[PDB]
Amino acid sequence: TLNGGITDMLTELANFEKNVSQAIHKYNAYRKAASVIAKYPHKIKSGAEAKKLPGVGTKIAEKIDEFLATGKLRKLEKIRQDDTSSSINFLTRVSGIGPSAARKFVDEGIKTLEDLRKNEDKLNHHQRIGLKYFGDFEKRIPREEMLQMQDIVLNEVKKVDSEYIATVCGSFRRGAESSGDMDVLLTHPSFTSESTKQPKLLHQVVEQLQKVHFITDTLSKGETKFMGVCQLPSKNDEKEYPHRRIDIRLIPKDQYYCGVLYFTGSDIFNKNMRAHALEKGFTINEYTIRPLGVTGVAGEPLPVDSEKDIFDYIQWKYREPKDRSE
DNA sequence: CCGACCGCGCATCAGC
DNA sequence: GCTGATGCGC
DNA sequence: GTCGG
Ligand SMILES: Nc1ncnc2c1ncn2[C@H]1C[C@H](O)[C@@H](COP(=O)(O)CP(=O)(O)OP(=O)(O)O)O1
Ligand SMILES: [Mn+2]
Ligand SMILES: [Mn+2]
Ligand SMILES: [Mn+2]
Ligand SMILES: [Mn+2]
Ligand SMILES: [Mn+2]
Ligand SMILES: [Mn+2]
Ligand code: NA
Ligand code: NA
């Protein structure tokens with residue numbers, strides 16, 4: 001964090017463009033510029049120094065020059081102050097409330113936790129849960145507690161069928177001291193490309209995790225994806241652990257490695273990879289690795305037995321999960 | 001100087 | 001009632 | 001907002 005002040009600035013700018021301006025590409029743009037600087041090995045002494053890097057253009061060098069000089073950004077003070085921009089910004093921190101919804105509420109005077117509290121009957125199931133665990137959801141998860149969760153998940157999965165291979169991923173697999181949530185990749189022999197579609201492969205496990213009382217709430221549940229709420233059990237009469245977010249995705253067996261790659265990220269890493277795999281002549285997606293023909297056609301899915309295998313195809317130094325945090 | 005930058009699985013709901 | 005349109009988190 | 005075309 002040699003350039004920490006700059007990348008924090010870039011980040012707030014991102015959220016702004018994404019939550020208020022509803023311009024997902026400026027968001028990405030700032031998001032990208034930050035990751036590039038947050039990986040530069042020197043301490044940025046000017047905006048021009050930063051302008052050398054790919055992802056940092058004129059406006060960001062200009063902003064960097066102010067931040068360096070002044071010590072703050074005028075454009076951000078304005079944002080920070082403006083009530084509306086400031087309010088939409090807040091709402092989006094509730095799970096289930098994105099730009100559009102937050103912008104709507106604010107336009108109807110609802111702009112704070114208390115307001116959502118008053119107008120509760122004007123929120124979908126997901127937004128209610130969101131508000132209900134507002135504080136809980138913004139808390140990071142100690143890597144230790146993850147382990148205890150990685151134990152209850154992996155375990156309970158076995159109890160449904162010993163053939164299930166539940167692999168915890170995300171920044172956790174990347175070996176992180178804490179994680180925003182718990183992402184679980186799930187597979188089973190009876191489910192691959194072909195499959196004939198096995199009904200309730202995910203249902204049974206979701207169900208079982210609710211049996212022991214580990215999964216307390218459902219934000220969404222389909223045939224291959226579940227977004228919900230879980231909670232580590234408490235000793236006796238201590239204090240309930242914070243309620244945590246859990247995502248579980250059932251992927252076809254012969255796509256595991258490719259999916260385990262995607263779901264481990266980092267997200268920006270994935271932006272990076274699904275980008276250099278094109279200059280090499282391929283096209284990665286969370287499900288497969290495909291070659292690009294003449295005009296660029298989805299060639300058949302190449303065989304994959306390791307993450308390393310995916311790197312080989314695109315000729316990139318194999319990087320361990322821990323070094324993919326970008 | 002202009003246009004691409006992943007798009008997908010799920011829930012909800014305007015319009016009929 | 002059904003469903004195309006859209007919003008949401010990742 | 002950026003950078004490649
Ligand atoms: N916009 C995006 N484009 C492409 N891939 C994306 C993505 N957002 C998320 N991903 C992929 C890679 C993440 O590692 C993986 C997990 O997505 P995630 O949002 O659960 C966050 P994680 O990386 O686990 O850290 P943490 O904040 O939760 O502790 O999902
Ligand atoms: Mn150097
Ligand atoms: Mn009020
Ligand atoms: Mn995660
Ligand atoms: Mn997740
Ligand atoms: Mn333009
Ligand atoms: Mn439909
Ligand atoms: Na540059
Ligand atoms: Na949100």
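First the proteins, then the strands, lettered A, B, ... as listed; each starts at 1. Computed over heavy atoms, backbone and side chain alike; hydrogens, waters and symmetry mates excluded.
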*Could you check which residues of residues 55-66 of chain A get a heavy atom under 4.0 Å from DNA chain D? Sort them by number, please.*
A/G55, A/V56, A/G57, A/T58, A/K59, A/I60

_Residues which pass salt bridge (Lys or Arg N to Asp or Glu O under 4.0 Å) with A/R93, listed by chain and number, not counting sequence neighbours_ = A/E138

*Which one, B/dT12, D/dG1, B/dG9, comes nearest to the side chain of A/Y30?*
D/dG1

*Between P of C/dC8 and CG of A/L219, the distance in whole Å*: 14 Å

*When you get a sec, tell me which of B/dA11, B/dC6, B/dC5 is the closest nucleotide to the side chain of A/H25?*
B/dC5

*Would you verify whether the NZ or CZ of A/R143 falls within 45 degrees of the ring axis of A/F172 while also being under 6.0 Å from that six-membered ring's centre?*
yes

_P-based separation of D/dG4 from B/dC6 [nearest Å]_ = 16 Å

*Taking CZ from A/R128 and P from B/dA11, how many angstroms apart are they, rounded to a whole number?*
16 Å

_What's A/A101 touching, base or sugar-phosphate or nothing? Going by heavy atoms closer than 4.0 Å._
sugar-phosphate

_Please classify the nucleic acid contact of A/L53 as base, sugar-phosphate, or nothing, using heavy-atom distances under 4.0 Å._
sugar-phosphate

*Output yes when at least one side-chain N/O atom of A/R249 is less than 4.0 Å from OP1 or OP2 of C/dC10, else no.*
no

*Is D/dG1 on the north side or the south side, where north means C1'-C2'-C3'-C4' is positive?*
south

_Less than 4.0 angstrom between a side-chain N/O of A/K26 and OP1 or OP2 of D/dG1, yes or no?_
yes

*For A/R245, report the nucleic acid contact type (base, sugar-phosphate, nothing); a contact means any heavy atom under 4.0 Å.*
sugar-phosphate

*Secondary structure string for DNA chain B (Watson-Crick or G-U under 3.5 angstrom, | for other-strand pairs)*: |||||.||||||||||

*For DNA chain D, the residues among residues 172-200 of chain A that have a non-hydrogen atom under 4.0 Å from it*: none

*Is A/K32 touching bases, backbone alone, or none of the nucleic acid, heavy atoms closer than 4.0 Å?*
nothing

_With the threshold set at under 4.0 Å for non-hydrogen atoms, list the residues of residues 302-326 of chain A touching DNA chain C in residue-number order._
none

*asked:* Nearest to the side chain of A/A29, heavy atoms from C-beta on, is which of D/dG1, B/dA11, C/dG9?
replied: D/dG1

Side-chain polar contacts of residues 48-60 of chain A - donor-acceptor pairs under 3.5 angstrom, sequence neighbours left out - could you list them?
| from | atom 1 | to | atom 2 | distance (Å) |
| --- | --- | --- | --- | --- |
| A/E49 | OE1 | A/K45 | N | 3.3 |
| A/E49 | OE2 | A/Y40 | OH | 2.9 |

_What's A/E17 touching, base or sugar-phosphate or nothing? Going by heavy atoms closer than 4.0 Å._
nothing

_Selection from C/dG9, C/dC10, C/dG7 that lies nearest to any side-chain heavy atom of A/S100_ = C/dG7

